[PDB]
Each structure stands twice: as structure tokens, then as C-alpha cells.
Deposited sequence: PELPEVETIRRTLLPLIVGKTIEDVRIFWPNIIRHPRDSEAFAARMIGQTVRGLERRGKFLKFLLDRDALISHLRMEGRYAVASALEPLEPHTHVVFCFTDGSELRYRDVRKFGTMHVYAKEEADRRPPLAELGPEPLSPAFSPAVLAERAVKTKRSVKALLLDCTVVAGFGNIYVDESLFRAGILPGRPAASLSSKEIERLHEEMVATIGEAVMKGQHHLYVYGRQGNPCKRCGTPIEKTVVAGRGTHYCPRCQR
């Protein structure tokens, strides 16, 4: 799921788990657990804690318990569900949090690719994976000035810059390509080559693109006409990623 979908998960999951107390934690793929590194310690420490809140940072979910925070990343295909302990698990279920009321929070992923870290709440923001995370794209902390300062300091492409979690939190490949199209900027442009005007426009389109999604021109549209000018959309590799752009609209 991308950032907007993670926000939807945050908002929908919270009422389904708030105030429930963890009775057991069952782990079927220990490698998902990144901290404590021992999955048995991860399970043991969560037992007895009640779920108090659920926040989002970038694409991370932060489950707030009594003492601890569980920080979860679903990557491309991870999913959460709340269901009865009496019913069979869905395929590819890797971690289950069992509550005292006979319900469960289940994490599944066909790709078996996500991560979980647990720390004392007061520590979570200063440990991986949250440490160093950049500002929320929809926050005033993500400003044209912040974007410009990062851009002038790097030799990297503008796409690489936007994909950098330290620059802006959880702005995915799809929204990078869409935002750059809407701003009229080629993804392979050196970040330092952008004018103040281009930076301002880019920031504006990033906020609009992700704001609209929480409330496609190019992504996956290679070979099809641009919706704005009719030129075939192209796909190349930029910053190690599939990259979609209109070679007329973007400069």
C-alpha cells in the first residue's frame, strides 16, 4: 500500500483494536521481526499490553500500546485484518496478535517482505525505522525551502531525491512519477539543476497529488498517449526504479 492507503488503514483499523489487550503473539515467519532481534522476546514483551492508539509516519504504522510502540511497514503487499480466533487464518499470515476477547490482528503478505520493530514508546522515534524520517508531505514542515536546500546539496537526480525517506516521508514511486509529470520536470534531471520556480511548482504538485489521493497521468501508462498532449508515455530506469514520463510535457 502507498501512503494514502496506509492512512486509510490507520483510520479504519484503530476502532477495531483500540482498548483490546494482547493475550498472545504468534509468529510464523520470525524474519519479519527486526527488534528485538529475537522473535520470542518480541512476542513476550507485547503480552499484557493494551492497544491505545494508532498513528502513521510516512508509510509506517505506529501502534501505541501501554509501554511499547510497534512500528510496522507493510511494503507493497502487506495487509492487516481483524478477525475471530475461531476461524482459519488467511494464506500467507506471518504474525498474529491475539486479544483477550477472542479476536486477532493478523498481518499477512504474499511477498513476506514487511518489517516489525518494538521499542518503549519514548524511544521509537529515535530508533530504526523511524529515526531520520523526513517531514510528512502534507505538513508545513515539508516546504519549498526544505526541498530546495536538499536539492542544491546533492549530485543525485530529482527522482532519487524525492524517493529519499530522509527528504520527505513515504512518497512512493507512483507519486514521484505523477508529481514530476504534473510539475513538468523530467525525473532524470539533476536535483541541483532545478530553478526556484521549478522547486516551488514541484512542491505544489507533490502536495496536490498526495492530498488528492488521501481525500494516473503516467504511472504504468508507457506506450499510451499522454492525457495532456497525446505524446506516447515512455518508461526508463531512473534511480534504480521503473520511471514513467511524458517527453513533451516534462523538461
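In this chain, the deposited residues that lack C-alpha positions fall in a single range, 216 to 220.
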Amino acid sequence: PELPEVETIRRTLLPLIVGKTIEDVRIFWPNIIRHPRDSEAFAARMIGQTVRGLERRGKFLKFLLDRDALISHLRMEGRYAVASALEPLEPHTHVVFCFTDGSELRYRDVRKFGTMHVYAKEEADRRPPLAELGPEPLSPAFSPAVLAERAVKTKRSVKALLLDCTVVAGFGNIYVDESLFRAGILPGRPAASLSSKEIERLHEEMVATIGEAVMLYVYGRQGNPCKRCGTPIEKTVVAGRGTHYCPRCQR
From here on, numbers count along this sequence of modelled residues.
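Checked against the record, the higher mean CA B factor of 16 to 24 and 228 to 236 lies with 228 to 236. Looking at 100 to 108 and 119 to 127 together, the entry lists the larger mean B-factor for 119 to 127, computed on C-alpha atoms. Across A141, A81, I71, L74, the greatest Cα temperature factor reported in the deposited entry is at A141.
Ranking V152, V95, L180, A85 by the C-alpha B-factor listed in the PDB entry places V152 at the top. Annotation for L202: CA B-factor lies in the middle third of the chain's modelled residues. When the CA B factors of the chain's modelled residues are split into thirds, the value for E55 lands in the lowest one. Placement of the Cα temperature factor of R189 within the chain: highest third of the modelled residues, per the deposited record. Sort the chain's modelled residues by C-alpha temperature factor and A44 lands in the lowest third, per the entry.
The PDB entry assigns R37 a C-alpha temperature factor belonging to the highest third of its chain's modelled residues.
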